[PDB]
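Chemist: model this:
(3 chains)
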Amino acid sequence: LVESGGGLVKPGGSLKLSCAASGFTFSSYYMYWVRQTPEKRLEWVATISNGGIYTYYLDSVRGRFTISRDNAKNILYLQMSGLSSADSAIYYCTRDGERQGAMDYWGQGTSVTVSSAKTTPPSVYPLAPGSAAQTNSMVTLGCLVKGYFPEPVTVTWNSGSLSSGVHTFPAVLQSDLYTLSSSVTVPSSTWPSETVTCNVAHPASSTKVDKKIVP
Amino acid sequence: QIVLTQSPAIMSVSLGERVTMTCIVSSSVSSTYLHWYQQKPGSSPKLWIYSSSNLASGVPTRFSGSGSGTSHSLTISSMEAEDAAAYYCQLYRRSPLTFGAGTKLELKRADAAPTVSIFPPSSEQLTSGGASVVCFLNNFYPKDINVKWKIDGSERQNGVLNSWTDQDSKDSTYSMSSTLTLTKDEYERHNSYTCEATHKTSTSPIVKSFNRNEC
Amino acid sequence: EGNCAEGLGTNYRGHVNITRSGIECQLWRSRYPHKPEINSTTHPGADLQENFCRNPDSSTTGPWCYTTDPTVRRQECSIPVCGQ
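Modeler: Numbers count the residues shown, from 1 in each chain, chains lettered A, B, ... in the order given. Next comes the structure:
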């Protein structure tokens, strides 16, 4: 039915992670763990039986991962080790289901990655349009959210009020630092009148640092 | 058996057209051991097809499963557009189990010219110790773009960072961003910046200029 | 010791999937295509995992597995005999 799926970014070594799964009976269904590398590729990572009787693993996963579950507490667990650079993936905890080794109920999905670039707040900069960029009463502006770590960074304008035309370009690393950006098509009838802030909420550093755009 | 290969990588199918996704496995030792999924852009995967032609719960009735030997293919024939997702082919094979390579189903719409506007560096950005001219491109359907950056008429291929976005959920378009990690002394030495956008639809490049005149 | 069996197979906890007809088995934990009348919930003592040829009910034909083919619910699996 429902699984929680906690976890976060770990740059050094092993990570402790788990999904709290409840709603059905854990005495009748196998549990499955699936990872998805950022290159949209899934490699099934181990799976546990109706107890701890028989657990599986992949060729590169044997001896590093470990799957065990607690039936009484209704929680499913997964421990990683030797998380190399290629091991970054959006993991998913999944219910066996549908028989024949299928994947019935996938968990929420936790993003896990490794990178030794050290965590930094988004060095947010406003991106105000040029003097000659104001034409036809239709103006664009943005937020050069550069040099942050370790993603995701949630940029919303007007505290979510102006989400009509916000794009969040997937960040591409320049030098071990994701630099996303945003673009909002705020109408010219309100940009200089009612200022449009750039509320950037990086969960890692837990900041808001909204930057009103100065014309 | 044991392993599994998929085909193709990327598809861009339209609305209301029959669609297939082969899965060339080695000899298909069990024709009822192969399953498929989807992964909508930002989501957890959801089972669609389990053990060849037998849908899971809630699957649209437009799916199908072949697989009578060495080749397993779906046949989605639906009028709705929500089917845009990354479908993955999985054949259950115990320890050496492998997923597919991904058959990401993208969409197809009328070609749109990018809405482009270069953004000068902000004053606080300059005082930080660097400048980053950003040339946002928005609202264009085709995915092939090679933007050229010109500094006083000289090509500046190095330092240009291109960031692509996943397919738009609402209007089915793409978004593009190009940045330069310029330094102030190099920024100060020159005087003019022009970002040239070359698109499949527009034969002549769509270029606009940024001249250091006013902020 | 699990790789050798005598007569009808209640002691085989082996690995073979292939039947005498060249047909694979269906997982012991799976109700599709065959709903296991005997499954890994009423006889946990036996080692019924994935689609291995296992005989838990002590049937005279030999070690069997719920055959993947919808036609036949159970078929035997080729094996030598333990201890000559």
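Chemist: tell me where chain B has helices.
Modeler: With helices called from DSSP state H, chain B shows them at B:123-128, B:184-189.
Chemist: so which of these has the densest surroundings on average?
Modeler: Counting by mean count of other C-beta atoms under 10 Å in any protein chain shown, helix B:123-128 has the highest mean neighbour count of those, with a mean of 14. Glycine gets a C-beta too; all of them are placed from N, C-alpha and C.
Chemist: is any part of it close to chain A?
Modeler: Yes - contact between helix B:123-128 and chain A, assessed by C-beta under 8 Å from any C-beta of the partner chain, occurs at B:123-125, B:128.
Chemist: repeat for stretch B:67-86
Modeler: Yes - applying C-beta under 8 Å from any C-beta, one finds stretch B:67-86 touching chain A at residue B:86.
Chemist: okay, now the domains of chain B?
Modeler: Structural domains assigned to chain B are B:1-108, B:115-211, following automatic domain parsing.
Chemist: pull up the distance across the first one, start to finish.
Modeler: Looking back up the chat, that one is domain B:1-108. Domain B:1-108 has its terminal residues 35 Å apart, counting by C-alpha to C-alpha, to the nearest Å.
Chemist: next: the shortest one.
Modeler: Taking C-alpha to C-alpha as the measure, domain B:115-211 stretches 20 Å from start to finish.
Chemist: for stretch C:11-24, same thing?
Modeler: End-to-end for stretch C:11-24, by C-alpha to C-alpha: 20 Å.
Chemist: what's the spacing between the residue in chain B that chain A sits nearest to and residue B:54?
Modeler: Closest contact between chain B and chain A, by C-beta to the nearest C-beta, is at residue B:92 (3.5 Å). Look at residue B:92 and residue B:54: by C-beta to C-beta, to the nearest Å, they are 14 Å apart.
Chemist: the two: which is more packed in?
Modeler: More crowded of residue B:92 and residue B:54, by other C-beta atoms under 10 Å in any protein chain shown: residue B:92, with 21 against 18.
Chemist: tell me which parts of chain B are close to chain C?
Modeler: B:29-33, B:50-51, B:54, B:92, B:94.
Chemist: again, only using 6 Å
Modeler: B:30, B:32, B:51, B:94 (C-beta under 6 Å from any C-beta of the partner chain).
Chemist: list the contacts for the closest residue to chain A within chain C?
Modeler: Chain A sits closest to residue C:30 of chain C, with a gap of 3.6 Å, by C-beta to the nearest C-beta. By C-beta atoms under 6 Å, 6 or more residues apart in numbering or on different chains, the contact list for residue C:30 reads A:99-100.
Chemist: list the contacts of residue B:35.
Modeler: A:102, B:49-50, B:90.
Chemist: what's the closest of these to residue A:146?
Modeler: When those are compared for distance to residue A:146 (C-beta to C-beta), residue B:90 comes out closest, at 38.7 Å.
Chemist: chain C versus that closest one, what's the distance?
Modeler: Distance, residue B:90 to chain C, by C-beta to the nearest C-beta, to the nearest Å: 14 Å.
Chemist: and for that residue, the neighbour number?
Modeler: 27.
Chemist: tell me if I'm right that it and residue B:99 touch.
Modeler: Yes - look at residue B:90 against residue B:99 with C-beta atoms under 6 Å: they come within range, at 4.9 Å.
Chemist: list the contacts of the residue of chain B closest to chain A.
Modeler: Contacts of residue B:92 by C-beta under 6 Å, 6+ apart are A:101, B:33.
Chemist: go on, residue A:16?
Modeler: residue A:79.
Chemist: cool, and residue B:194?
Modeler: Contacts for residue B:194 (C-beta under 6 Å, 6+ apart) come out as B:150, B:207, B:209.
Chemist: of these, list those near chain A.
Modeler: Of those, not one also sits near chain A (C-beta under 6 Å from any C-beta).
Chemist: quick one, which of these are buried?
Modeler: Among the contacts of residue B:194, those classed as buried by 16 or more other C-beta atoms under 10 Å in any protein chain shown are residue B:207.
Chemist: look through chain C and state the residue closest to chain B.
Modeler: residue C:24 (4.4 Å).
Chemist: in contact with that residue, which residues?
Modeler: Counted by C-beta under 6 Å, 6+ apart, residue C:24 has contacts B:30, C:17, C:68.
Chemist: make a PyMOL selection of whichever of the residues you listed turn out to be buried.
Modeler: Listed next is the PyMOL selection for buried residues among the contacts of residue C:24, using 16+ other C-beta under 10 Å:
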select buried, (chain B and resi 30) or (chain C and resi 17+68)
